[PDB]
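See structure below.
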Amino acid sequence: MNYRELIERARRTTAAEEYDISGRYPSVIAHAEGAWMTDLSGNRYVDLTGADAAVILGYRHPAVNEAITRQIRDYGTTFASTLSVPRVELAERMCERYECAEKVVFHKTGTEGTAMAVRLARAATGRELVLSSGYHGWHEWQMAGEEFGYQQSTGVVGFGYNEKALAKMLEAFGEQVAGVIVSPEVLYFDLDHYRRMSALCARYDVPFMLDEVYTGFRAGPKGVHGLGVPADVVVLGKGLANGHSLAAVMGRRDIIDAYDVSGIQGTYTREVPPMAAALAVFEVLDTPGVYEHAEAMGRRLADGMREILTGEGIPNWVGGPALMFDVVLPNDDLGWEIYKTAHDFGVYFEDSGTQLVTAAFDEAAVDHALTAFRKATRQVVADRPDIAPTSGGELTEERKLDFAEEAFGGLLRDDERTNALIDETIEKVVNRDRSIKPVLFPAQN
Amino acid sequence: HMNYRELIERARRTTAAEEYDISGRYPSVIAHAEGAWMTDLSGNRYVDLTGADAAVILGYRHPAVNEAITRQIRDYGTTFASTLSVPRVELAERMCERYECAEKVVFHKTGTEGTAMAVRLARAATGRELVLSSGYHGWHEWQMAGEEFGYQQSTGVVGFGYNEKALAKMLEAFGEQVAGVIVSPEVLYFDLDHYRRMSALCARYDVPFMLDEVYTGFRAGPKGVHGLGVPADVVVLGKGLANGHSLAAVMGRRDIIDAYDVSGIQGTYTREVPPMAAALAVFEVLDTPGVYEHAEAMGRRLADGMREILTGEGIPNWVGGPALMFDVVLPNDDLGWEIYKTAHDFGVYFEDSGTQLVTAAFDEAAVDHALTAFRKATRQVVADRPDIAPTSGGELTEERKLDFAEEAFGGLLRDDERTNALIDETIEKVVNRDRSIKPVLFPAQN
Ligand SMILES: *Cc1c(COP(=O)(O)O)cnc(C)c1O
Ligand SMILES: *Cc1c(COP(=O)(O)O)cnc(C)c1O
């Protein structure tokens, strides 16, 4: 089949039009290896999406593939017992590897992983409320928590990465807070921002939980936590089994040991092959030079993209960790147009602007993507001058602050609107009808 | 590592939930398995009658499934930058052809996420708030609370305990607010006509009827309860779907599935291709003539043998249900568990909740090995535990059967004052509530 034939069959039977077809490049991948993907007609592309961050080492990494296929073929996949030898070896490796990890439990998705983290924190502390910043998954309570404010029906207060807000919330009602769960954003904030968050939480005896489902292997080889941010729980997911479905919740012994009373479970949590894969992933990441080489390829790409944009006079900001750097542009139309055009030149750029190199990249792969980016940017600017300021200026502070709010719900201003939101939210929590709680297990009533 | 005591100690230190992972399970850990048989860390062999807690339908390391999934992983890849793939479309095409309610189908990793998707899609498609529920749907709080009769305003879920009188009165009183009805079929106490009547009541109120077949999908029949002729607007599948590999599916009416975009559902691993290749192979095996019927013959052989063993010892019992998911109901909730713990000594993993699960890989030798173990174990427990092992013959009491239904799956089967008060009280609670207080919904409805 070709692209058109497959999408018409897909529209009839499985595809969500925007999520699966129109929001994505007009190709469907047939096979992929290392940094390179091949579509249904044999066209080749360098992937800069990391399979939407699922992949960290590269496609069909042979050590991961060997580990998973050996488990599937020589032992089995999902057994009548929930414990397995690879589960215990993986748990031991992760507990040795991570300062916060005293025990670790597993699941299939990051959405379920962060749900487990919140469920365990509530079960361990017996407290109702959770303070949240960042995407944690597609459940309603997670999505609503990305917006600043309190939802009494879920017991979640979004605080928009705002440290003034977090401090005032903990002072006003910290005794009701089971946990603070934060997806680290490290373009607009530095590590000290999260160190201060963690310290604030400890001051109030409130578990601090890092949702590293995205950052776990791209902020560094041991995530933001490993760069020196203390935490009581860390959730991992994207990259953990290099594309195979696995997530992990690791943290303080008493929080993890709330598993029984919490009622968490799941048929496939015990699934063994992806645990063998993750063990292989850790071994690769801890091989001398491998992660450093990956970051060097990310820097080569970021530096090249920054200079192409600046050379076109396009106001831009390219920054963040080498394996998850953001390309911030003056408006939300220019990037998508450039990235759509670059698909014609053999690259899958990440259309949201966070580019994701993998460990399989070499200089040739990076330079192929840079050549495509230069030609695509040139074509878009020549064809659509209105799309792009080309005067050589810098991004306005207004654009940078607006982008933070739009992109991840970050409330970075100290203005009248933001402070009014803080006041409104604290008053709504403190003044609420305490007889009305979310449904919790175990009950807190 | 090497033996059971070593592994559980290492697990307690780093990963194990004490009850769920260790003390609530038999004292062995499986190292490898094939067909109907499992081998533990010390090389002891066991016939599995738990179906890997229902994850497995064909048997361990089934060759066609192994080949399909290994080929995808090794020769193509696992999770691509595109969410569409050739195996995804071929699997969806097969499922749409295979099932009457399937006009489109979308995938996820777990049945818990699958049923959450079904409710999310029904709400997004109808723009309505409330969901009526019966049965286990997963481990989220709204799912677990919905197993109890009653209404939780913070989740928008009303549990109705499989009760048709309750369902009809709820739809009459506030059905215009009901986005969907989601029911996990219980087919020991109820027949198919019970669920046909549910589905018919829902259709009269333009309320989507959704079968949660994460458990029943391949064990009530090769096409589940739905395929036995129970109309539905959505069916959720999961256990068995990829013969142990993690995959779930939500299939159903075009307009409900096409609410995906506005619903906000997503997930990194929904697109994962190897388990879809495995599911394609599972359907091919299940649809191979003779395979499912042989599985049902083995289930009947086991069920008949267990019934004869219990009756031969004078133990009142009820053995019934579909051949691939039959229940062994006893006069108390301790006897079965003690027998099954003892039978582990004799090389069988019985399902400790009493619902025994053969797989397509069973032969007469595997069944009869389980039966001999069950006979030895029953005789030993009868001899040692007269406190829980009555041998005077007879049948289970009606009170025991009614109590068991309520405790096992929240079924309100009694037509008494207490039950009808609960129905009226719950309906009054819904109808008279403060309508300004809604759960968090996406898309927003207030
Ligand atoms: C991707 C993501 C999740 C959700 O993980 P899924 O496997 O897609 O359900 C949760 N948190 C963060 C920070 C993520 O990036
Ligand atoms: C097991 C089960 C679920 C949940 O499936 P998981 O994959 O374990 O999350 C949902 N509904 C029913 C009827 C089930 O038996």
Side-chain angles (χ1 to χ4, degrees), chain A residues 50-54 78 107-115 117 132-139 142-143 145-146 181-185 209-216 218-219 223-224 234-241 243 245-248 264-271 324 352 354 356 408, chain B residues 51-55 79 108-116 118 133-140 143-144 146-147 182-186 210-217 219-220 224-225 235-242 246-249 265-272 325 353 355 409:
Chain A
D52 285 323
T78 294
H107 221 303
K108 289 297 103 188
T109 67
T111 290
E112 289 171 299
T114 67
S132 181
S133 299
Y135 178 79
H136 304 310
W138 51 272
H139 294 307
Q142 297 162 327
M143 290 173 68
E146 303 177 48
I181 182 168
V182 170
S183 309
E185 211 291 327
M209 309 196 291
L210 289 167
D211 176 359
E212 299 220 61
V213 169
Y214 193 100
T215 57
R218 296 186 165 276
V224 168
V234 171
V235 190
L236 300 172
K238 293 188 181 91
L240 177 62
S245 42
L246 188 67
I264 292 166
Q265 52 186 311
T267 299
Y268 298 116
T269 62
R270 72 188 74 185
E271 188 183 23
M324 44 171 288
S352 78
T354 315
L356 300 181
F408 51 91
Chain B
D53 290 330
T79 293
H108 221 303
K109 289 297 104 182
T110 67
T112 289
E113 285 170 301
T115 65
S133 180
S134 291
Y136 181 80
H137 304 308
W139 51 271
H140 293 308
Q143 294 164 328
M144 296 174 49
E147 304 176 46
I182 182 164
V183 167
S184 310
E186 204 285 333
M210 313 199 287
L211 288 171
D212 176 359
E213 297 219 63
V214 172
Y215 191 94
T216 55
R219 297 186 163 277
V225 169
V235 172
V236 187
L237 302 170
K239 292 175 179 96
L241 174 59
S246 47
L247 190 68
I265 298 166
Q266 50 182 325
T268 301
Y269 301 116
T270 60
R271 74 186 75 179
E272 188 184 23
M325 44 172 293
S353 75
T355 313
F409 55 88

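Whatever order the structure lists them in is the order used to number ligands and atoms, beginning at 1. Computed over heavy atoms, backbone and side chain alike; hydrogens, waters and symmetry mates excluded. So you know, we letter chains A, B, ... as the sequences are listed, proteins then strands, and number each from 1.
In terms of polar-atom proximity, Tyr268(A) is not counted as a contact of ligand 2, lacking any N or O under 3.5 Å from an N or O of the ligand. Below 3.5 Å of separation, one finds no N or O of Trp138(A) facing any N or O of ligand 1.
Judged by distance alone, the side chain of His139(A) and the main-chain N or O of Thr111(A) form no donor-acceptor pair under 3.5 Å. Remark: the backbone N or O of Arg218(A) is not paired with any side-chain donor or acceptor of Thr215(A) at under 3.5 angstrom.
Looking at atom 14 (C) of ligand 2, its nearest protein heavy atom turns out to be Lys239(B) NZ, 2.9 Å. For atom 9 (O) of ligand 2, the closest non-hydrogen atom of the protein is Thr112(B) OG1, 2.7 Å. Residue, atom and distance of the protein heavy atom nearest to atom 13 (C) of ligand 2 are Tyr136(B) O, 3.3 Å. Among all non-hydrogen protein atoms, the one lying nearest atom 6 (P) of ligand 2 is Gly111(B) N, 3.5 Å. In this structure, atom 11 (N) of ligand 2 lies nearest to the protein heavy atom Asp212(B) OD2, 2.7 Å.
Here is the list of ligand 1 atoms found below 4.0 Å of a heavy atom in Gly267(B): 8 (O). Every atom of ligand 2 with a heavy atom of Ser184(B) under 4.0 Å away is listed here by number and element: 13 (C).
Residue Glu213(B) does not touch ligand 2, judged by heavy-atom distances below 4.0 Å.
For the pair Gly135(B) and ligand 2, no heavy-atom separation below 4.0 Å is found.
Between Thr267(A) atom OG1 and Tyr215(B) atom OH the span is 10.0 Å, to the nearest 0.5 Å.
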